[PDB]
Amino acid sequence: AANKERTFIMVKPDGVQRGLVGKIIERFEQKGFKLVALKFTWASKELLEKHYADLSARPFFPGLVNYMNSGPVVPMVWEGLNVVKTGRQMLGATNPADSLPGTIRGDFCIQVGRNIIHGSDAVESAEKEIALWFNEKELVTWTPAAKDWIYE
């Protein structure tokens, strides 16, 4: 129930550009989390604006949308016990400068505007983001052979 918790992770345009797709996935694979959905795509401004709706009334919003629309992205859904929160920990701090060596952001990027990845915030927002980026038909259900060795 708690092991079925899901989160949305997306490789931003700079992550794709600098060749970090394999490395990011591998970090989640290795940890024992389960890949539920994955696709490569060009996000539409219309989708980016929904995704980033909270920054609407914030300065330079259109610059962000434009930037997110400048290259393809890799949206994903990972499942497991406390994946939202743990996922966030693995990514490191949103601002790369406060990210610790060992976290994804700590090892691979420098500035907040080019921080290679996004991971849902909390369960509720993970929920909204998954639904925005994927159809229910794009969410694959399977059972890893190593399951019993990962969970009690």
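Throughout, we count residues from 1 along the sequence that is shown.
- According to the PDB record, 126-134 carries the higher mean C-alpha B-factor of the two stretches 16-24 and 126-134.
- Higher average CA B factor: 1-9, of the stretches 1-9 and 143-151.
- Residues shown: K31, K50, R114, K39. Highest C-alpha temperature factor in the entry: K50.
- Highest CA B-factor among the listed residues (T94, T86, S120, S44): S44.
- Split the chain's modelled residues into thirds by C-alpha temperature factor. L100 is in the middle one.
- Ranked against the other modelled residues of its chain, the C-alpha B-factor of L55 as given in the entry falls in the highest third.
- Per-chain ranking of the deposited C-alpha B factor places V65 in the highest third.
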